[PDB]
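Asker: Partial complex here, more coming in a sec:
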Amino acid sequence: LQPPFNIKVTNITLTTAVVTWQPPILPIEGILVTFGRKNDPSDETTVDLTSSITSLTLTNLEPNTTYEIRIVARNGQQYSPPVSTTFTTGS
Amino acid sequence: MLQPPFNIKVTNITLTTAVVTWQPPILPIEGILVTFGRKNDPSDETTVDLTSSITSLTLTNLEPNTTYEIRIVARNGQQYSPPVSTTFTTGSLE
Amino acid sequence: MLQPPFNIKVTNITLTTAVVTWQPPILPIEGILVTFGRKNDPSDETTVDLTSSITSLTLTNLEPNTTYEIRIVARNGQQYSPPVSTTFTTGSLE
Amino acid sequence: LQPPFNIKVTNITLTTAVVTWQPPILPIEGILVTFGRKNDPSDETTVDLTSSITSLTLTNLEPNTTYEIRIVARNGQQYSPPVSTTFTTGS
Amino acid sequence: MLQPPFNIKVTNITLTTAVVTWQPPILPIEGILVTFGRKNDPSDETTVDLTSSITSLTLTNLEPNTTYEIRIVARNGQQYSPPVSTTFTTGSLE
């Protein structure tokens, strides 16, 4: 299909962080943002957003831990490859 | 009966963007619904289902010099808390 | 899940000093972390671990005409509450 | 090493009090402030601050009780002699 | 550990009078202590022991153009809650 890009994590505190990204050039119906500990696939949490939202602020993360964020665009039953990034919370 | 989100705030309002922030209720919840769209335009209402661990969104593609309403509800199974809302207007070419 | 400190206030701001005050959560806690430093400068962040029985600090040696962020977290063992923060700017020689 | 000085206690209420002091003339890494009932060494509570903080406000003290405050500067494994003071809360 | 009184307000301030109002904590208490007197004058401090069912006092004989501090504590046996206070200045002949 057609994915997002330029995922960037800001203001990483002890248990919070700001995620920002750029929407796809092609029209899409929605966007799937997934986050959680990098070595725990049963920890992932996902939200479905509109193409007009460009950032989230996350809370309740665990201190000094490495998380991975994946953002995938969707249109019908077509999903774009994910754009991901990683970051670790303060210690 | 469920406690609603509180202290909703809208910042960094520009011609076409706005940042929304709020705090979850005291007790644990399954999700938080955020509804936004042109003030009093039942037609133009968008809703997003979030995890209570998210506390802010940045909206884009908002139309200049327009009034928008935002309502935030906390859900926990068969229950929805009353909403907490606010109204804001985007900057204008003036 | 832990309730955060609230009602943070910054007073007596001068060219180089500021007074910070806040209130602890309802329930008992082991300590309160206060993080301060130049706004959005991940490099310049200082953290202090305090006893919940302390409610105010006076900062000195702050650089004139500068924006500072302060975040206050409450800890109780394996848990940290979400933070409550505020932003303030020191006076200037203007 | 090199200690603080001029410890002064202000606005002594029923369960609160304001402690202020002057930092060392020589560069130090941190500062240790200890407080509690004068006749109870198992009651002392301590905090480690930076040389730039010059006052604390204390709460949850017991009414009409005598407390002692000690402030010690540190640099490496070198600690300065303590500067202390005493005060009693309202009755 | 005890919850303090909150939302203290001072109104109808004149050259020599002021009205003080507040709300008791959530849980039941034995009494509420109200301390008033010239700002930062440990000598000039008056304290009154009240029943939690009282929520306002009108002070008179206050000296014109003067700053006053008021602290309100809630007591319940062997415990006193941290205080909630405010500062106000009486009108002046100006």
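Answerer: Structure's in. What do you need? Numbering: from 1, shown residues only, chains lettered A, B, ... in the order given.
Asker: Can you get me a residue count around residue A:78?
Answerer: Applying the criterion other CB atoms under 10 Å in any protein chain shown, we find 11 residues in the vicinity of residue A:78. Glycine gets a C-beta too; all of them are placed from N, C-alpha and C.
Asker: who's in contact with it?
Answerer: By CB atoms under 8 Å, 6 or more residues apart in numbering or on different chains, the residues touching residue A:78 are residue A:1.
Asker: what number of residues lie near the residue of chain A found nearest chain C?
Answerer: Chain C sits closest to residue A:59 of chain A, with a gap of 4.6 Å, by CB to the nearest CB. Other residues lying near residue A:59 total 20 when counted by other CB under 10 Å.
Asker: With the one 3 residues further on instead?
Answerer: Other residues near residue A:62 come to 15 when the count uses other CB under 10 Å.
Asker: ok, back up a step: the residue of chain A closest to chain C touches residue A:18, doesn't it?
Answerer: No. In terms of CB atoms under 8 Å, residue A:59 does not count as a neighbour of residue A:18; the distance is 10.6 Å.
Asker: So which bits of chain A are right by chain B?
Answerer: A:18, A:20, A:23, A:45, A:47-50, A:52-61 (CB under 8 Å from any CB of the partner chain).
Asker: next one is chain F, place it on the structure:
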Amino acid sequence: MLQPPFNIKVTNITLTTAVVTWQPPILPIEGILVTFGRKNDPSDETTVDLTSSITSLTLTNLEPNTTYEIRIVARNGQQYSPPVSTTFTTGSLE
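Answerer: One more piece, chain F, placed on the ones above:
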């Protein structure tokens, strides 16, 4: 002992109308009493018994350029919570 309604607000005040809004207490209640009428006129006081699921009323036939007081109490059987009130004045032909 019962928790009172809170955050009372009066909006869209005109020459003769006003909108009143508030939030119920945390815990469940049987009803909410809303008392309104000319400020400090014991004679002119109207009271309405509502279900806690109602959070706003629009008053009409208010007299121009007049001060009105509104008190809201929460009842739950043999108990009434202390009131939360506010004062407002209707617009004037000026």
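Asker: The neighbour count of residue A:78 with chain F there, same question as before?
Answerer: By other CB under 10 Å, neighbour count at residue A:78 equals 11.
Asker: With residue A:42 instead?
Answerer: 6.
Asker: same deal with the one 5 residues further on?
Answerer: Counted with other CB under 10 Å, residues neighbouring residue A:47 total 18.
Asker: Check residue A:41 too.
Answerer: 8.
Asker: For chain D, see how far away it is.
Answerer: Remark: distance between residue A:41 and chain D (CB to the nearest CB, to the nearest Å) = 40 Å.
Asker: How about the contacts made by that residue?
Answerer: So, once contact is read as CB under 8 Å, 6+ apart, residue A:41 ends up touching nothing.
Asker: what's the helix or strand for the closest residue to chain B within chain A?
Answerer: Residue nearest to chain B within chain A (CB to the nearest CB): residue A:57, separated by 3.6 Å. Secondary structure assigned from DSSP states H and E places residue A:57 in strand A:53-58.
Asker: quick one: that strand to chain centroid distance?
Answerer: Averaging C-alpha positions (CA atoms, centre = their mean, to the nearest Å) puts strand A:53-58 8 Å from its chain's average.
Asker: Can you tell me the strand partners of that strand and which way each runs?
Answerer: Partner strands and pairing direction for strand A:53-58 (DSSP bridges) are strand A:17-22 (antiparallel), strand B:54-59 (antiparallel).
Asker: mind adding chain G? sequence follows:
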Amino acid sequence: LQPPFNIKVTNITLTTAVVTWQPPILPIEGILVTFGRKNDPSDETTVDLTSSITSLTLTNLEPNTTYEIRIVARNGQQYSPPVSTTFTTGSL
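Answerer: Placing chain G onto the earlier chains gives this:
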């Protein structure tokens, strides 16, 4: 050093299960028991017990989920290869 055998998961319900095993032919100074969702390495917990304990009841399990249980015998420094069994909780 011989391991336990005949590991048996009994009385399986929606959220609990009973785990029992027959201690080795040779005496052992202790036993290590591990359990958790079969398809997950992060979720895994272990307890060290005296060889005199032969059964344990697990609670707070997730419904209709497959779990794996590993048990190893020890004598301070020497351990034995593990003994394993897997089971699934009720569903409805």
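Asker: let's see the neighbour count of residue A:41 again after adding chain G.
Answerer: Other residues lying near residue A:41 total 12 when counted by other CB under 10 Å.
Asker: So for residue A:76, what's the nearest residue that isn't a sequence neighbour?
Answerer: Nearest residue to residue A:76, sequence neighbours excluded (CB to CB, 6 or more residues apart in numbering or on different chains): residue A:29, at 7.3 Å.
Asker: Would you mind confirming that the one you found is in contact with residue A:74?
Answerer: Yes. With contacts counted by CB under 8 Å, residue A:29 reaches residue A:74, the gap being 6.0 Å.
Asker: Looking at the two, which has the bigger crowd around it?
Answerer: Regarding residue A:29 and residue A:74, a neighbour count based on other CB under 10 Å identifies residue A:74 as having more, with 16 against 12.
Asker: Isn't that one up against residue A:26?
Answerer: No. Distance between residue A:74 and residue A:26: 11.7 Å, which falls outside the contact criterion (CB under 8 Å).
Asker: which residues sit in contact with the residue lying closest to residue A:10 once chain neighbours are set aside?
Answerer: Spatial nearest neighbour of residue A:10, chain neighbours left out: residue A:18 (4.0 Å); criterion: CB to CB, 6+ apart. If a contact means CB under 8 Å, 6+ apart, then residue A:18 has A:9-11, A:55-58, B:56 as its contacts.
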